Amino acid sequence: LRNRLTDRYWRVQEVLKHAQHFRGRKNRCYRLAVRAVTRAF
Amino acid sequence: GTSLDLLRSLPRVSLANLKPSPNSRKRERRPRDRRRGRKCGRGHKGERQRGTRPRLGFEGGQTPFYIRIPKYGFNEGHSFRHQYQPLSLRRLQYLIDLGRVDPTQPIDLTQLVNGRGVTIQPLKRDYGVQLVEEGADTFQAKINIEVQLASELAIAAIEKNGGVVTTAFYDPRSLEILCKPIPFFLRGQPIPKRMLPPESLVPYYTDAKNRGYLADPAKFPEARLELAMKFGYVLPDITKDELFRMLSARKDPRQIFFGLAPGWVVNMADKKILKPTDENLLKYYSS
Amino acid sequence: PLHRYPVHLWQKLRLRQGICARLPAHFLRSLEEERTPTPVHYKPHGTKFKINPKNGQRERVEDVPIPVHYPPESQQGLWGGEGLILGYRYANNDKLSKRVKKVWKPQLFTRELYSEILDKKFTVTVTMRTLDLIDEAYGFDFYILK
Amino acid sequence: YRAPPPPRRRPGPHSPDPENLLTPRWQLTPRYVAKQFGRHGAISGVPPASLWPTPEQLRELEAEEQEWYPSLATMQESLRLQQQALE
Amino acid sequence: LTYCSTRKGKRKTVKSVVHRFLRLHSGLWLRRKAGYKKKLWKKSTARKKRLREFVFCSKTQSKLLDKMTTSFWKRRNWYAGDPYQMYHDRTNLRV
Amino acid sequence: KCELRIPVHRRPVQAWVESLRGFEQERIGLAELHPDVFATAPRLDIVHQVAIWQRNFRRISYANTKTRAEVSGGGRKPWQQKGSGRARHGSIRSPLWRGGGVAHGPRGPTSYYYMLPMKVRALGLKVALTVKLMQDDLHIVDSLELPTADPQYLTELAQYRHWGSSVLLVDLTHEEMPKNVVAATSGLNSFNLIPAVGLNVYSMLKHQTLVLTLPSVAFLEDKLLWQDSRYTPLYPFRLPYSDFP
Amino acid sequence: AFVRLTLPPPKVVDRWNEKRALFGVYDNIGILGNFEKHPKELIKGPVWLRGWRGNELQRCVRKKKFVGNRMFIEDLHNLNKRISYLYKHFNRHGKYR
Amino acid sequence: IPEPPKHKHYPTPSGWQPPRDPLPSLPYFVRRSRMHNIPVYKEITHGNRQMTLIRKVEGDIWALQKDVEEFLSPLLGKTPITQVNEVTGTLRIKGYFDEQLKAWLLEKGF
Amino acid sequence: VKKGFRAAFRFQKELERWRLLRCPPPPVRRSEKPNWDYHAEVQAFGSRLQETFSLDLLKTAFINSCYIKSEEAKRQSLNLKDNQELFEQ
RNA sequence: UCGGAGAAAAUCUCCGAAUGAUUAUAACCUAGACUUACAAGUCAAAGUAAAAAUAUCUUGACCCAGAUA
RNA sequence: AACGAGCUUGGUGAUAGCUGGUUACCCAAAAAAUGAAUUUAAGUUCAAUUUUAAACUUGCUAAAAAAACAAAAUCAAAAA
RNA sequence: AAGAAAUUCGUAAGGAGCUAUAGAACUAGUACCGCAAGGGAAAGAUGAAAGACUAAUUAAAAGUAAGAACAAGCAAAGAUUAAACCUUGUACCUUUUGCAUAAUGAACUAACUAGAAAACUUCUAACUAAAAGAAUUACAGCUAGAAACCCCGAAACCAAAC
Ligand SMILES: [Mg+2]
Ligand SMILES: [Mg+2]
Ligand SMILES: [Mg+2]
Ligand SMILES: [Mg+2]
Ligand SMILES: [Mg+2]
Ligand SMILES: [Mg+2]
Ligand SMILES: [Mg+2]
Ligand SMILES: [Mg+2]
Ligand SMILES: [Mg+2]
Ligand SMILES: [Mg+2]
Ligand SMILES: [Mg+2]
Ligand SMILES: [Mg+2]
Ligand SMILES: [Mg+2]
Ligand SMILES: [Mg+2]
Ligand SMILES: [Mg+2]
Ligand SMILES: [Mg+2]
Ligand SMILES: [Mg+2]
Ligand SMILES: [Mg+2]
Ligand SMILES: [Mg+2]
Ligand SMILES: [Mg+2]
């Protein structure tokens, strides 16, 4: 593990903040939240 | 200059201020983003996509192009053919003009190579220099030169001015010593003898018209005269010339260097030349 | 890591330490020296140079001895340098035919030989080559000693 | 700080210890010893007479020379016969 | 093709090219015509003349042969009395 | 004065000769420096090239990883290909598995060695010397003799004369460097003393101000200028030559 | 993802230690020293790659040449297998022919 | 490289002639190579882009361009396309003009 | 433990943001904050409204009686003029 | 596999060739072209040489083995 | 406790023209599946297309009369 | 595809490595699995002091709780005074074909998990009829730098043990 990505937290937060007002696991789970956010956009 | 005045005003140069010349480096592209990711430039799935396309020259199962052409001996014996570096009278005149080849003393392959006038490569089958006629019309120098090959017109240019040209054969081992003599004296070995030409080359070097080093000296004056008449110049008697001794100087056919006999050892560190005394060793070298 | 010495030097270093060091100096020389046996199963090159026929140029030649297998039964007899040749052949003597395992074996005879120095007669497993060597040496005792 | 002394190469004839088994073989040939004389001349300690072939070595050179390098007279004679056959 | 050799780490020449084609220093390649020694009795006189000639190679064929041979086969060779001495350079070529 | 002949069209460059014997002995002489050494064109790309080479040809990286072949175990097939509902696998040590080999990792010790042309590296010493002079960071001195060996003196002298925080000092040869200079500089992190054969572009960019003794100036001018009117090497320059030391 | 809840200890780099201060000295030992020594003689590293560079296949073969006969049994087995892996990739597999 | 020997009569039979003295008084100076020749080089890129390059130019490199443009314009009939590399100190011209530009410099005394 | 110092520093900012939301700070007088010069602020106040004031009077207007009591209390442990008279007018 | 005829150039409808006999014996060299993925396949002025212009009619690479000079 | 031929380790990262997968942004251009050979038709090589850079000069559409078979594909001066 | 030799040259403690899914399989060849050869793990975290009572730090993952739901629909978007009603809108990746309402794969979270080389071309410099720190190339070339070509998966085959 010479180089490991250290910003993954903020990458996840970017997509999540656009999904917090959905209902279901779409609002908290990145894999499902990401697809729902794009459809909104 | 005005550029240096700009440095005076500008801040200090330091490791934190470095920059390469613009466009000096291209940027390498990793297969990460959508543009260069995904199939990654390889195309849709297939042999060429997995990396297993056939070898270069394969044409999908028909007899390749480089196999259906008849085999022919264009390059037979290429490694055994002799190669002679070409020297033109333009290059020879140019070297003399700038002082890079001194005409006062005799010119031999050592001096030519020593002046960066020619580049000799014995490993690539160089066996000497061939004189090239180009530049003869403008050649106006009187010089004594030894070259492994020479042409009829090239000889005429040298002799018309009153110089001397002779053709001498150096064997593959002798040439390497001749080209780089000092990287040899440092070894610590005695100077080897110079071997005679192979049977094929014997006629060329025993013929006066070619100025062979093994040719009959009595036959030269006839050859010199005929060449002079053919090219419409008057043969100059070089015996009267003040520097006749230098012009006529010629090393022994078993000698590599002018003043060094075969069998001697050159102690460069002590500025000495050890010479043998044994009889069998002296008979070996003097043969 | 790495060993300090190449593995091929290990046997020499072993002879040079311990009780092996205390062994007689002359005996170690026999152990140390390696000499090729006189050719038996191959024809050596007479010269060190030959003229290549295809390109008509002189090229160096060297002698590469065949690998010969010496069964332990041979150490109880007097084979004149002969052994087993474990190799392959080409069926029908064309390299486009199959490659077949082949073993060439010496013809062994039982013979009784007399030693003058020992004044005893031994019964030995022997090859016709060994008998020829003794004849060339002008005696069984001369053969062993020479 | 002060920098250490500049790197320098060994300044004189080098004869390796033969007993050591880690000494490379090339450094122990009769050709590496000559190299010491040519570079450093007399101070090497090579006995000058050892720079020339030894009696047995000389015989090898002459025998090899006769086999592979003919004399000038023989070459011309061989050339003449070929021309006569060609004519 | 061998791109990196086990012993020397270099590319290797394909000795089938070296035995069939001649490369001029300018970049051209010469070859023979396939079949020029075959069944000459049933070939027309004009056909045989075409077969005997030394012929050039196309741009893509030359590009392939350059890939299959190493640099040593692309150097300038100074042979005395060479019969291809004049064909190693191009003259009056604007293109 | 420059020993070698300056080009006719270029006038020489000059600097103040200095002495370290006292604080106030700033101007004791006037010196002439070959314009082609200390007044070459300002080329900072070449300075970047040389500075990179000095930092990259020495680099040997000792990073390594095991590939799937070098990881302990792994020979057997975990389960049968079919009739399991599982993903197909052939080893427990593939890159996908935890504890498996690295697919594309550092492989063994690697070297970054390369050599720049000798003329290019010589130029970078000429360009660097111009930069220090034209930017008023080069101080030519007659000798490095110092009145005292206390390190306090050398640092105070640097402050009085408006030198930088770091000073690079050059002397002609290591063997003859004065004892007073050795003692003081030995204990100083920022003031480094090197022999004239150790001068390089990287150390002239790390140290703010350069101090050259007059003999070193002649030493440097000879070596760098020799590069401009020389042939290509017939054989390495340590072998005997007609005119080369 | 999860992140550190406290700042890691401050990292201090002393830029004027002897190694950093005197870095790069004697790199012109050749041009400024009459060419008695090449700078590549000043490199410290593995025996098989001082003053030399190559791709992984080239590096594997060269290590074998220099120290192959002093290597351990397990290492020589792995080194030999790496050569054959790299030989088959560089000479049979890839986009470009 | 030896300094060229003095010759009684110039130009030398090869054609070489040393830089004239006293020096030219132009704003720019063009230096000779180590082999004592005028540093004008024919160059080609892509196999069809022909160029001529003047190296070792000191002083106002821009002044040298103006002179070259005037010098070469009558032959071409249009202003020549050039690139001035001020960092390297070289002037690059499209097309082969080495012969005319070497004789030109010789007269100026460079 | 992943390398690096920067990711930890970024998350420290997030921890600060969360703490303020959960435990909002008590509002503080702008004077106690940095970047404050009373004399300059008073002049800007007048110039903001495009009006000319006598700075001495404006300063008195801001002063309150309660402020004086607090200062005297701290002093116990220049009487000045209150805004009263200006307030009435 | 190639050639000939129709559909009329995509698949369909039909015949033939793996030569044959005749012979004036039909040379060498060299512009420009046709055809063509490559490979193979076509036509040919001028010059020279033989003779006293002419070949008429209707097809398998490389390697490797041979034969004579 | 999976025998048309046991199991284990090594050869071995076996090979797979087959299935799956192949990780940030932005700007731009962009085909095909026509032809040819191939134990070749689930592949590959060449042509053809596309593309990037460079050199310098005509290109696209349209194109009369007149021609090659004929009441629009070739060819195709001047023009625009 | 393989590949020499003659011959020449040669005197020398560190890390732009890993930091608990990484680095050795390793806290251990142990536990455990296998009749046997053999295969083969997982994990720990106070402080100066525990003769200070073994600490703290964190809206922070999925999952839950606090707090079940309220006509109507890829679950959102436009909005709105208003959470929902009204309006618009045939999940995603691969794949078919450039289409699917086909069809493959995905319960979710965290971590890990796949393009690598310099023959030719291009770009940036050094010197230039020569370039290169010996061996090489050269009818403007030569030297140096920069720029490139994946991961996982069989049935099999062979050697030696069991
Ligand atoms: Mg050459
Ligand atoms: Mg394994
Ligand atoms: Mg197995
Ligand atoms: Mg497998
Ligand atoms: Mg691991
Ligand atoms: Mg064709
Ligand atoms: Mg005719
Ligand atoms: Mg595979
Ligand atoms: Mg297939
Ligand atoms: Mg079509
Ligand atoms: Mg066909
Ligand atoms: Mg077939
Ligand atoms: Mg028109
Ligand atoms: Mg572990
Ligand atoms: Mg583990
Ligand atoms: Mg939660
Ligand atoms: Mg609704
Ligand atoms: Mg289906
Ligand atoms: Mg890459
Ligand atoms: Mg098989």
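Output the residues belonging to the stretch F:66-106 that are charged (D, E, K, R), away from ligand 4 (no atom under 13 Å from the Cβ) and out of contact with any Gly (no Cβ under 8 Å at 6 or more places or on another chain).
If the condition is that a residue be charged (D, E, K, R), away from ligand 4 (no atom under 13 Å from the Cβ) and out of contact with any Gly (no Cβ under 8 Å at 6 or more places or on another chain), then F:82, F:86, F:98 are the ones that fit.
Assess whether residue F:220 counts as being hydrophobic (A, V, I, L, M, F, W, C), assigned to a helix (DSSP H, G or I) and more than 16 Å from residue F:54 (Cβ to Cβ). Before the answer, list the steps.
Working: hydrophobic (A, V, I, L, M, F, W, C): yes; assigned to a helix (DSSP H, G or I): yes; more than 16 Å from residue F:54 (Cβ to Cβ): yes.
Yes: the conditions hold for residue F:220.
Given the conditions (1) more than 12 Å from chain B (Cβ to nearest Cβ); (2) part of a helix (DSSP H, G or I); (3) crowded, with 16+ Cβ neighbours inside 10 Å, and given that residue D:6 satisfies all but one, which numbered condition is not satisfied?
If we test residue D:6 against (1) more than 12 Å from chain B (Cβ to nearest Cβ); (2) part of a helix (DSSP H, G or I); (3) crowded, with 16+ Cβ neighbours inside 10 Å, just (2) comes out false.
Restricted to the stretch B:47-63, and to residues that are within 12 Å of chain G (Cβ to nearest Cβ) and at positive phi, which residue is farthest from ligand 4 (Cβ to nearest atom)?
Per the stated criteria, the residue is B:57.
Regarding residue I:41, is this residue away from RNA strand K (no atom under 16 Å from the Cβ), within 14 Å of chain G (Cβ to nearest Cβ) and part of a helix (DSSP H, G or I)?
Working: away from RNA strand K (no atom under 16 Å from the Cβ): yes; within 14 Å of chain G (Cβ to nearest Cβ): no; part of a helix (DSSP H, G or I): yes.
Considered against the rule, which asks whether it is away from RNA strand K (no atom under 16 Å from the Cβ), within 14 Å of chain G (Cβ to nearest Cβ) and part of a helix (DSSP H, G or I), residue I:41 comes out as no.
For the subset of the stretch H:3-29 comprising residues that are facing chain B (nearest Cβ under 10 Å) and exposed (fewer than 13 other Cβ atoms within 10 Å of the Cβ), which member is farthest from residue B:114 (Cα to Cα)?
Looking at the filtered set, the residue picked out is H:11.
Filter the stretch E:3-18 down to residues that are buried (at least 16 other Cβ atoms within 10 Å of the Cβ) and at the interface with chain B (Cβ under 10 Å from one of its Cβ atoms) and give me whichever is farthest from residue E:69 (Cα to Cα).
E:3
Taking the options G:57, G:86, name whichever one is in contact with an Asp or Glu (Cβ under 8 Å, 6 or more places away or on another chain) and closer than 24 Å to residue B:51 by Cα. Before you say what the answer is, go through the steps one by one.
Details: G:57 fails: in contact with an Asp or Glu (Cβ under 8 Å, 6 or more places away or on another chain).
Among G:57, G:86, only G:86 is in contact with an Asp or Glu (Cβ under 8 Å, 6 or more places away or on another chain) and closer than 24 Å to residue B:51 by Cα.
Tell me, yes or no, whether the stretch B:161-173 has at least one residue that is under 17 Å from the mean Cα position of the chain (by Cα), in a helix (DSSP H, G or I) and more than 16 Å from residue B:92 (Cα to Cα). Show your work before the answer.
Of the residues in the stretch B:161-173, the ones under 17 Å from the mean Cα position of the chain (by Cα) are B:167-173.
Of the ones still in play, those that are also in a helix (DSSP H, G or I) are B:172-173.
Subset that is more than 16 Å from residue B:92 (Cα to Cα): B:172-173.
Yes, because at least one residue in the stretch B:161-173 is under 17 Å from the mean Cα position of the chain (by Cα), in a helix (DSSP H, G or I) and more than 16 Å from residue B:92 (Cα to Cα).
Of the residues that sit in the stretch G:1-24 and are within 21 Å of the chain's Cα centre (by Cα) and within 9 Å of chain F (Cβ to nearest Cβ), which one is farthest from residue F:110 (Cα to Cα)? Working first, answer last.
Step one: of the stretch G:1-24, the residues within 21 Å of the chain's Cα centre (by Cα) are G:19-20, G:23-24.
Those left that are additionally within 9 Å of chain F (Cβ to nearest Cβ): G:20, G:23-24.
On the way: G:20: 22, G:23: 21, G:24: 20 Å.
Among those residues, the one meeting the criterion is G:20.
Quick one: would you say residue G:65 is within 28 Å of residue F:116 (Cα to Cα) and either within 12 Å of chain F (Cβ to nearest Cβ) or assigned to a helix (DSSP H, G or I) (or both)? Give the derivation first.
On the way: within 28 Å of residue F:116 (Cα to Cα): yes; either within 12 Å of chain F (Cβ to nearest Cβ) or assigned to a helix (DSSP H, G or I) (or both): yes.
Answer is yes for this residue.
For the stretch B:59-74, indicate whether the set of residues that are more than 16 Å from RNA strand J (Cβ to nearest atom), in a loop (DSSP other than H, G, I, E, B), surrounded by fewer than 12 Cβ atoms within 10 Å (Cβ to Cβ) and not aliphatic (A, V, I, L, M) is non-empty.
Start the filter on the stretch B:59-74 by keeping residues that are more than 16 Å from RNA strand J (Cβ to nearest atom), which leaves none.
No - not one qualifying residue is present in the stretch B:59-74.
I'd like the residue in the stretch F:97-109 that is more than 14 Å from chain G (Cβ to nearest Cβ) and within 16 Å of ligand 2 (Cβ to nearest atom) and, out of all such residues, is surrounded by the most Cβ atoms within 10 Å (Cβ to Cβ).
Of the residues in the stretch F:97-109, the ones more than 14 Å from chain G (Cβ to nearest Cβ) are F:97-100.
When the remaining residues are screened for being within 16 Å of ligand 2 (Cβ to nearest atom), the result is F:97, F:99-100.
Values: F:97: 15, F:99: 10, F:100: 17.
Selected residue: F:100.
When the stretch G:68-82 is examined, which residues are found to be more than 7 Å from every other protein chain (Cβ to nearest Cβ) and touching a helix residue (DSSP H, G or I) at 6+ places or on another chain (Cβ under 8 Å)?
Of everything in the stretch G:68-82, those that are more than 7 Å from every other protein chain (Cβ to nearest Cβ) and touching a helix residue (DSSP H, G or I) at 6+ places or on another chain (Cβ under 8 Å) turn out to be G:68, G:76, G:79, G:80, G:82.
Just to check your reading of the model, which residue among F:112, F:202 is surrounded by fewer than 18 Cβ atoms within 10 Å (Cβ to Cβ) and hydroxyl-bearing (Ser, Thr, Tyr)?
On the way: F:202 fails: surrounded by fewer than 18 Cβ atoms within 10 Å (Cβ to Cβ).
Checking each option against the conditions leaves just F:112.
Residues of the stretch C:95-120 being loosely packed, with under 11 Cβ neighbours inside 10 Å and over 22 Å from residue C:42 (Cβ atoms), which ones?
C:96, C:98, C:110, C:112, C:116, C:117, C:119, C:120
For residues in the stretch F:165-217 being away from chain G (no Cβ under 13 Å) and small (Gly, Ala, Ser), which is nearest to residue D:4 (Cα to Cα)?
Looking at the filtered set, the residue picked out is F:183.
Filter the stretch E:34-78 for residues that are exposed (fewer than 11 other Cβ atoms within 10 Å of the Cβ) and of a type in the set (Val, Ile, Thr); which is farthest from residue B:121 (Cα to Cα)?
E:45
Condition check ((1) among the aromatic types (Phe, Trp, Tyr); (2) within 10 Å of RNA strand L (Cβ to nearest atom); (3) surrounded by 12 or more Cβ atoms within 10 Å (Cβ to Cβ)) across all residues:
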residue	(1), (2), (3)
B:37	no, yes, no
B:86	no, yes, yes
B:98	no, yes, yes
B:103	no, no, yes
B:141	no, no, yes
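Taking the residues in the stretch I:48-73 that are basic (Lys, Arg) and under 18 Å from residue I:38 (Cβ atoms) as candidates, determine which candidate is surrounded by the fewest Cβ atoms within 10 Å (Cβ to Cβ). Write out each step before concluding.
Within the stretch I:48-73, the subset basic (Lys, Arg) is I:48, I:59, I:69.
Add one more test, that the residue is under 18 Å from residue I:38 (Cβ atoms), and what stays is I:48, I:59.
On the way: I:48: 8, I:59: 16.
That would be I:48.
I'd like the residue in the stretch H:72-89 that is of a type in the set (S, T, N, Q) and out of contact with any strand residue (DSSP E or B) (no Cβ under 6 Å at 6 or more places or on another chain) and, out of all such residues, is surrounded by the fewest Cβ atoms within 10 Å (Cβ to Cβ). Step through it out loud before you land on a result.
Start the filter on the stretch H:72-89 by keeping residues that are of a type in the set (S, T, N, Q), which leaves H:73, H:79, H:82-83, H:85, H:88.
If we keep only those that are out of contact with any strand residue (DSSP E or B) (no Cβ under 6 Å at 6 or more places or on another chain) too, we end up with H:73, H:79, H:85, H:88.
Numbers: H:73: 12, H:79: 10, H:85: 13, H:88: 17.
That would be H:79.
Filter the stretch I:1-38 for residues that are within 14 Å of chain G (Cβ to nearest Cβ), loosely packed, with under 10 Cβ neighbours inside 10 Å and not in a helix (DSSP H, G or I) and give the result.
The answer is I:1, and nothing else.
Is it the case that some residue within the stretch F:49-58 is away from chain B (no Cβ under 14 Å) and touching a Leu at 6+ places or on another chain (Cβ under 8 Å)? Show your work before the answer.
Kept after step one, since they are away from chain B (no Cβ under 14 Å), are these residues of the stretch F:49-58: F:57-58.
Applying the additional criterion that residues be touching a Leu at 6+ places or on another chain (Cβ under 8 Å) yields F:58.
Checked the stretch F:49-58: at least one residue is away from chain B (no Cβ under 14 Å) and touching a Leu at 6+ places or on another chain (Cβ under 8 Å).
In the set B:84, B:66, B:72, B:127, which member is within 16 Å of RNA strand K (Cβ to nearest atom), within 14 Å of chain E (Cβ to nearest Cβ) and among the hydroxyl-bearing types (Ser, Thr, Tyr)?
Details: B:84 fails: within 16 Å of RNA strand K (Cβ to nearest atom); B:72 fails: within 16 Å of RNA strand K (Cβ to nearest atom); B:127 fails: within 16 Å of RNA strand K (Cβ to nearest atom).
B:66 is the lone residue from the list that is within 16 Å of RNA strand K (Cβ to nearest atom), within 14 Å of chain E (Cβ to nearest Cβ) and among the hydroxyl-bearing types (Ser, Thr, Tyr).
Here is a yes/no grid of residues against (1) of a type in the set (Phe, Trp, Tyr); (2) in contact with a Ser or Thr (Cβ under 9 Å, 6 or more places away or on another chain):
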residue: F:9; (1), (2): no, no
residue: F:16; (1), (2): yes, no
residue: F:31; (1), (2): no, no
residue: F:51; (1), (2): no, no
residue: F:55; (1), (2): no, no
residue: F:59; (1), (2): no, yes
residue: F:73; (1), (2): no, yes
residue: F:93; (1), (2): no, yes
residue: F:97; (1), (2): yes, yes
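Take the residues in the stretch F:56-77 that are surrounded by 15 or more Cβ atoms within 10 Å (Cβ to Cβ) and of a type outside the set (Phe, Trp, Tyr); name whichever of them is farthest from residue F:135 (Cα to Cα).
Step one: filter the stretch F:56-77 for residues surrounded by 15 or more Cβ atoms within 10 Å (Cβ to Cβ), giving F:57-58, F:60, F:65, F:67-68, F:70-71, F:74.
Applying the additional criterion that residues be of a type outside the set (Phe, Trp, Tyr) yields F:58, F:60, F:65, F:67-68, F:70-71, F:74.
Values: F:58: 30, F:60: 35, F:65: 48, F:67: 53, F:68: 57, F:70: 56, F:71: 58, F:74: 64 Å.
Residue satisfying both the conditions and the ranking: F:74.
Among the residues of the stretch E:11-27, how many are under 9 Å from the mean Cα position of the chain (by Cα) and within 16 Å of RNA strand K (Cβ to nearest atom)?
Counting residues in the stretch E:11-27 that are under 9 Å from the mean Cα position of the chain (by Cα) and within 16 Å of RNA strand K (Cβ to nearest atom) gives 1.
Would you please list the contacts, defined by Cβ atoms under 6 Å and residues six or more apart or on different chains, that run from a residue in the stretch F:90-109 that is β-branched (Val, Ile, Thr) to a residue that is more than 16 Å from ligand 1 (Cβ to nearest atom)?
Hits for this filter: F:92/F:74; F:92/F:78; F:102/F:65.
Laboratory data are not the source of any read-out in this text; all were calculated from the coordinates shown. Virtual Cβ from ideal backbone geometry, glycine too; neighbours counted across all protein chains shown.
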